[PDB]
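Protein chains in written order, with the authors' numbering: chain B, 26 to 98, 137 to 515; chain C, 27 to 98, 137 to 514; chain A, 26 to 98, 138 to 513.
Quick notes on the structure that follows.
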């Protein structure tokens, strides 16, 4: 669908509107199990190319079992810290409780899908993915038993190593990630299992369809937690996201440093909005995600994690149209560092050009089409493919969409130098103002002293 | 058995009772694979079997050449290190003339040897795969007999299985610039690691700890590719050495502490910047600021001293007395009245300000606590979930004793309009003197009035 | 490989000179294709041991194919980029109706072709694996003739290897949301990469660099999966282009500098904030503040210009004259009197303060020098290890020329009580005006009494 971007020359910022939300508000926990069989010994005394292949494969299996038993014994800093897998670990604590795994085992004996009531009070979906027990006991061992371990068919060796392959890779991922893997691999959960788990979760059909349409993102926001291998069953807990907020209006704010352009080399003053990031409407409030890469965009849907969010009033949006509005204190940073740089937006690029820096926008068939004068400016991605700032060449996003240039006098011109508080990092419109008011009284007080 | 303490005065939490396992040094070991380089594949007869062994042979012949090509808050004060300077030094010695022969000849009869390098250093060496003796005496003879027509498909399957470990090791190096971390199981199997652990020059206390938590050891290890020369492939495994064990370790969590005034803009905030891990070590405290630099297993904290500063034991007074005259407690200031929550080991700190809705809930009963404006704390026993605005936080489910220590929030001791509200790495005494310097200009400017 | 390091005691900073540049200035995009054949359904019955392996192998192929159709729908002052804006632009062209057909028709006769896309870009296209003609004319006839009884095991093993690369590429794309980095060997083999290196519009000197350090190339590349339609699978590979090579490049290490006075809590600190890599580029200096954004091989520094700022050449004066009147050297101020050490390319910087024990030791001799309070530096020649408090730092063992440049510590030139001690990204000139404004208020107030 159409995406609309607005550029504000007054504040040297850009807002990309039209995106839709898909916020991860919670976690759903599922128990994934594989059935194992304890092999005491292979009494295979006859050795040949086939026996050594099946035996070494068996050694890899018994070694994987042993390995797991050992395993089982701007802004952004203002966000709140969480425990990503605190939910899954809680399930581990119950599965570690006496006789709890057996309850799961009895439910998964006849079918591969069951809801089990855990001892605490929680009903959880349980899933038997691989049945290695019944394979090793009644498909492999009889062939071995019948011909006294001289296996006539090479096919058994090829197939057996394939059935064991999934187990060895699951072990590797857990063994290299300290029992916690992310994203959820295809070895962790096959697509057929994942889609079926999506289909069986207690959520709306709108949510089921969303997760099934973007199974790739679901995988990336999930965890796999190794849990327990006891009583002929190994089980790990998969922790899937649940998206409670879908299809709410959402927009992205891009900002770039705004500096004065004076003839004197070192006497310039800068101002930068620090409220950059994604903003989604939610239940009368606004979820603000300061960290840039906390969200992944697919078409028009933004898949985000609320864990990296702040909850702000709806009045936050006024900072885009009126940064000095009297209802929300817009967050800004100050500097005297007039360094040229560029900000690539969704439908264009912001260019803050200062000093003698070379700033250029180019078309692939046309070359340079615009040379930026000093100040903060903006260009649409329509006729433009490339942007050049200094020695850094930026490629622009090539997404068709509506652009809007909002004229205005740069806010940095509204402050008188020499009285500018030039070392504020997480300040605001009013916060800088009062520090100015404190500096102007200190100047009156020093001049009132020169008077005598 | 971990005890947590919450200080309402400073809106912080301290979890006491953890034990240490600090990586104080590095041990370097040389892991080798003996290879034989195939001169040429002259298979002239074409068949589905010949094409299978030839491509399998080519993949091996490619890995050797491929690897051979490869062979030619706070925190800002933390000193910078060189993680693999130890491994790089060991690599550099193996490159010396006639040095590989010393390595090769020692591992010719056994798979474990201590080799004295020309400089002076004895290193543990390990021959894991002997592909040379496989290729020369079992595979190459089979191939030559019928001009590459293998009657038993088992041979190609055995070769591809025998060849698998080499190719997988190559692939990790091929995507990670010759330096892998954590240490994969293809680099060093669990069986080899415990055996290499058992042979390291450490206490039995150190061996048992590492052997019981080989998973964490893997995450703090490096694999450094070095050389393929004279039909021998070798890479250096750099394992951590835990010189400091079982000393006390505690965690300090911090969250912004602001006033809760009815007036929209007149609130002031204060936050302790000393968040992180604290372990006693040699009479001092080892401080690790960033959360993800340490990994916890049960009651032990595995950390790397390279990401630490060394602080006096008096740092602990900031938890019990932020105004103590023996250590200058580190603080940041703001006027940013933002609500947020920090999940502790045994609970959650909740900073609730403005019109934000802050709630603590249980899974079986729903909402159980409604937070009033200010910084407060709830234990994880009867509480399962914590919600701050649009953010749903799950709490840790670890049983343990908690302690709510009443005290007046420190932010109330300050009068606004005179509060310096832009300090990032300042301290109680730094803020005090900055007010004292502003009040001296306040006293003296009115005193000069006549 | 001759590297010279200079340590400046006045400013507690170190410059490692002699390194050369290799800046990623542009992007090259190539489209790699695999020809597929979609089976309506394998209508073979799944029971016997021979059928179950080939039939299951066929299902793993058909599921990976189906999966792809589902999927196919300092430092803070830096500027933000779009890393794959170039690659996404190319992929977007392939989604237009009937656009893929131009690709297919060109790669019918050769495995390498330059195709005219309908929109605007000419891209190299590459058919690596041909699964179509194998499935259509070698496997399925063998399978169909004997009613899924594959009597000869050799055919199925060849298939699973021929099928392997697709599943591995599919598996990687399935874990990285269609965008992978670094570029794996399943994405692009060395044989393919070196041949693709040879066709890029660069000089032979640039070509030779990329082929000699193919490992770094992989780490600065992306693979973008985007389309599987009309019996063709294609993804865009985005390789770096190093337009600026062999320019002088140097690394600046800095460590906090505090006074060493007897009073425990009364101390003042100062730190140069302009740490990072500096390479000459187009008469200016390309500055990389982030340390791990560059990878070092011998004397070549592979960096990405996208995370860099462009600075005037006068930046180098901050190493030689921190008070120079031509460039405003960046510094931070504090009262956080904490001891620490900085490992350089050819040695170690040690900021030793308070009652901390600071020591540099040799492996064969033990402790050789005990550091007094202040910021100091020792060469990697006679020194093997350095210890500060409970933190053990290993020094790099690279031979190279070192230079201890004596000078009075800059922190001593300032009188406390007028020192602005909470500046995070301030400068020489910024501190001076704040001192003069506070000292003029002290001059005029005391001159009145």
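Built from N, CA and C at the ideal position, the CB exists for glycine as well.
Q. For the segment 365-387 of chain A, which residues have a CB atom closer than 7 angstroms to at least one CB atom of chain B, in sequence order?
A. Look at the segment 365-387 of chain A: the residues with a C-beta under 7 angstroms from a C-beta of chain B are 369, 370, 372, 373 and 374.
Q: Would you kindly work out how many angstroms separate the C-alpha atoms of residue 426/A and residue 305/C, rounded to a whole number?
A: Between the alpha carbons of residue 426/A and residue 305/C lies a gap of roughly 19 angstroms.
Q: Assign residue 223/B to one of three DSSP states: helix, strand, or coil.
A: For residue 223/B, the secondary structure class from DSSP, reduced to helix, strand or coil, is helix.
Q. What in chain B is Cβ-close to residue 47/A, meaning under 8 angstroms?
A. Per Cβ cutoff of 8 angstroms: no residues; residue 47/A is ~14 angstroms from chain B at best.
(Q) For a contact defined as C-beta to C-beta under 8 angstroms, what are the partners of residue 99/B on chain C? (A) In the model as presented, chain B runs from 98 straight to 137, which leaves residue 99/B without coordinates.
(Q) I need the straight-line Cα distance from residue 28/B to residue 484/A, nearest angstrom please. (A) So the two alpha carbons sit approximately 47 angstroms from each other.
Q | Listed by chain order, chain C residues near residue 329/A by CB distance under 7 angstroms | A | The contacting residues are 392 and 493.
Q: Helix, strand or coil for residue 164/C, going by three-state DSSP, please let me know.
A: Reduced to three states, the DSSP call for residue 164/C is helix.
(Q) I need the straight-line Cα distance from residue 231/C to residue 223/C, nearest angstrom please. (A) Residue 231/C and residue 223/C: Cα-Cα distance of roughly 12 angstroms.
(Q) Using the Cβ count rule (16 or more neighbours within 10 Å means buried), how would you classify residue 398/C? (A) Buried: at least 16 other Cβ atoms inside 10 Å.
Q | Contacts of residue 235/C in chain A (Cβ-Cβ under 7 angstroms) | A | Neighbours of residue 235/C on chain A, chain order: 249.
Q) Do the CB positions of residue 32/B and residue 39/B come within less than 7 angstroms of each other? A) Their beta carbons are under 7 angstroms apart, which means residue 32/B touches residue 39/B by this criterion.
Q. Excluding the five sequence neighbours on either side, which residues of its own chain have a C-beta within less than 8 angstroms of the C-beta of residue 52/B, listed in chain order?
A. Result list for residue 52/B: 150, 151, 302, 303, 304 and 305, in chain order.
Q) Using a C-beta to C-beta distance shorter than 7 angstroms, which residues of chain A count as neighbours of residue 140/B? A) Here the premise fails: no neighbours, minimum Cβ distance about 11 angstroms.
Q. Is it buried or exposed for residue 405/C, if we count other Cβ within 10 angstroms and need 16 for buried?
A. Buried: at least 16 other Cβ atoms inside 10 Å.
Q | For residue 184/A, the three-state DSSP class (helix, strand or coil) | A | Collapsing the DSSP output to three states places residue 184/A in coil.
Q) Opposite residue 336/B in the DSSP bridges: which residues? A) Answer by DSSP bridge pairing, in chain order: 395/B.
**Q.** Contacting residues, own chain, Cβ-Cβ under 7 angstroms from residue 387/B (five flanking each side not counted)
**A.** 492, listed in sequence order.
Q.
Could you check whether the segment 494-509 of chain A touches the segment 172-189 of chain C, counting it as contact only if at least three pairs of C-beta atoms, one from each stretch, sit closer than 8 angstroms?
A. The segment 494-509 of chain A is not in contact with the segment 172-189 of chain C.
Q. Should residue 429/A go down as buried or exposed, given a rule of 16 or more other Cβ atoms within 10 Å for buried?
A. Counting every other CB atom within 10 Å of its CB across the protein chains shown gives residue 429/A a total below 16, marking it as exposed.
Q) Under a three-way DSSP split, which group does residue 241/C fall into? A) The answer is coil: DSSP assigns residue 241/C none of H, G, I, E or B.
Q) Taking three-plus beta-carbon pairs below 8 angstroms as touching, is the segment 238-247 of chain B in contact with the segment 154-162 of chain B? A) Contact between the segment 238-247 of chain B and the segment 154-162 of chain B is absent, because fewer than three Cβ pairs lie under 8 angstroms.
Q) To the nearest angstrom, how far is it from the Cα of residue 419/B to the Cα of residue 379/A? A) Residue 419/B and residue 379/A have their C-alpha atoms roughly 15 angstroms apart.
Q) What is the DSSP secondary structure of residue 69/B, counted as helix, strand or coil? A) Note: residue 69/B maps to coil in three-state DSSP.
Q) In chain order, what residues of the same chain have a beta carbon less than 6 angstroms from the beta carbon of residue 280/A, not counting five sequence neighbours either side? A) 359 and 366.
Q. Hey, out of 70/A, 452/A, 482/A and 350/A, whose CA is closest to residue 144/C's CA?
A. The closest CA to that of residue 144/C, considering only 70/A, 452/A, 482/A and 350/A, is found on 452/A.
Q: Let me know the secondary structure DSSP gives residue 470/C once reduced to three states.
A: DSSP places residue 470/C in coil when its eight states are reduced to three.
(Q) Counting only Cβ pairs nearer than 8 angstroms, list the residues of chain B close to residue 400/C. (A) Near residue 400/C (Cβ distances below 8 angstroms), the residues of chain B are 141, 394, 489 and 491.
Q) Excluding sequence positions up to five away, which residues of its chain have a Cβ less than 6 angstroms from the Cβ of residue 25/A? A) The structure shown does not extend to residue 25/A, since chain A is modelled only from 26 to 513, so the question has no answer here.
Q) In the DSSP assignment, what are the bridge partners of residue 318/A? A) DSSP lists 38/A as partners of residue 318/A.
Q. Could you give the residue range of the beta strand (DSSP E) that holds residue 289/A?
A. For residue 289/A, the enclosing beta strand (DSSP E) has its first and last residue at 286-292.
(Q) Between which residues of its own chain and residue 409/B is the CB-CB distance below 7 angstroms, once the five residues before and five after are set aside? (A) 28, 30, 41, 315, 460 and 462.
Q. At a CB-CB cut-off below 7 angstroms, which residues of chain C make contact with residue 96/B?
A. Within chain C, the C-beta atoms nearer than 7 angstroms to that of residue 96/B come from 279, in chain order.
Q. Does the pairing of the segment 347-354 of chain B with the segment 436-445 of chain C give three or more beta-carbon distances under 8 angstroms?
A. In short, these stretches do not touch, since the Cβ pair count stays below three.
Q: Consider the Cβ of residue 353/B: report whether some Cβ of chain F lies at a distance smaller than 7 angstroms.
A: Looking for chain F here will not work: the only protein chains present are B, C and A.
Q | DSSP state of residue 358/C mapped onto helix, strand, coil | A | Coil, per DSSP.
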